[PDB]
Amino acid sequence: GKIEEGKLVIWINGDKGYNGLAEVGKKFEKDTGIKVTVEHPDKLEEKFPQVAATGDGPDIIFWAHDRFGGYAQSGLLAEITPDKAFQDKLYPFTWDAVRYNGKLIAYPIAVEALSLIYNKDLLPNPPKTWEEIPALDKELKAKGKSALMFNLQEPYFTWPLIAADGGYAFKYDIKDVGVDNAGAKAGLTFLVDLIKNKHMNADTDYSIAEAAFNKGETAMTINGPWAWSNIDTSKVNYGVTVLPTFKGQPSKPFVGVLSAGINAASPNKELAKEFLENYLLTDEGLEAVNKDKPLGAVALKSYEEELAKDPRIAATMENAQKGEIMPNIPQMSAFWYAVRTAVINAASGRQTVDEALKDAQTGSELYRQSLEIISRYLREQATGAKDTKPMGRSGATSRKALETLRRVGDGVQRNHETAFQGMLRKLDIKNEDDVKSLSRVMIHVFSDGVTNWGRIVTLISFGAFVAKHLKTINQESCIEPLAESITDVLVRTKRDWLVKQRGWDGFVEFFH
């Protein structure tokens, strides 16, 4: 073991009410004598997978639900089994946000959506459209002010505009990605044109936009409920309202459900359950957090009935209903990373909107595309017959890549039979547990050195060799897990190289 028994360590983002959470933890300690430590480390959503994979990390992690599926896919989250009485206290759709493969993998805390925050002393009537913001910025520049400033370094904040005219992440399946259609292009182009016409600055981040709004220098910002507290201390006469439309269409923020997941490696799962169910998700626990930094529309019905009277919460829910609940599928991280880079590169001029979004599309589709190819190859190699299913969207790439792989990988498997048999014997794979064990070994062997298509063909060809072995020892059910694991090792460790090669299209070109 590694996580200490007898206490609770919690991770929550630095923009949330961690002091109020610590107050709840101090009440928990007063009752039980169990010390609760709340930390807010930088990049905790990226740090948690790494440290939890090795059995460390916090007992409880707080984040929006979109990441948790990935954590659940990697075995890092304990299953949540609250009884009906407690489940009935929270809104069903918040439970739906934290369900993964039919299992509850977190407690939902609160519903978050971005709104347009505006300075009533500068803008008694905020703009209803994105399109009128350039003229409004000219009017405000005439008097020493600016129209709008918001964080351009995180794609969460730009996504409402990208999605307004038809951009989307995953259609409601990981095969259909819409970050590079005409609507996404139109939204990102509007943002880039705002920057080129000096209505916004490409370097603007969270701190810069927050400081400019709370000092009264800019008339609008885009942000979530957690920010209201600081504005309250600013004494700016502010309102919270619906996001402007773009091309006559509502802005569509990605809706997050702040949720608390229990580390699968924690020896304090019953303590964490008691704390979350009977201390935090109460009227007084949620209030203690909310008084620090507002949570949004909390999942607890009794408290949300009080919070819903707040016009700021009504606007939050109006924008949420115009938006969409985030998926929790494990590729969300990759998606976000891709879009993050796109927005930044588009805003700085390092790429055009077309180039940036094409790269984002490649990055977002990489997992499913690689998985389709590798799975089909491994299954047809192990059984001697091919999958009859249609290739689907971007199916030309998958078909062509599978043909290329058939050629090159049967060459590799013929030539490298001795080393392959040796490593297969040295690994000794017998069941589903050893295949789940294979991933750290795979990362080690696939590590350092050069990255080329031939090494990837070697990875996949040895995967096919192992799939053949699994078929022989009557373990066909292990082939699809194996394939998945291989995919995860490939797309994660070689993400940037793969995107630079245009992905499997570059694979196909290289061996043409």
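Start at 1 with the first residue shown and count on from there.
The stretch of deposited sequence separating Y172 from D173 contains 4 to 9 residues lacking coordinates in this entry. Per-stretch averaging of Cα B factors for 400-408 and 244-252 places 400-408 on top. Higher mean CA temperature factor, per the PDB entry, when comparing 30-38 with 64-72: 30-38. Note on the listed residues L427, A227, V289, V257: the highest Cα temperature factor in the record is that of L427. Per the PDB entry, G422 shows the highest C-alpha temperature factor of the residues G167, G216, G296, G422.
Among the modelled residues of its chain, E112 has a C-alpha B-factor that falls in the lowest third, as given in the PDB entry. Among the modelled residues of its chain, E139 has a C-alpha B-factor that falls in the highest third, as given in the PDB entry. Ranked against the other modelled residues of its chain, the C-alpha B-factor of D205 as given in the entry falls in the lowest third.
In this PDB entry, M149 carries a Cα temperature factor that places it within the lowest third of its chain's modelled residues.
In this PDB entry, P327 carries a Cα temperature factor that places it within the lowest third of its chain's modelled residues.
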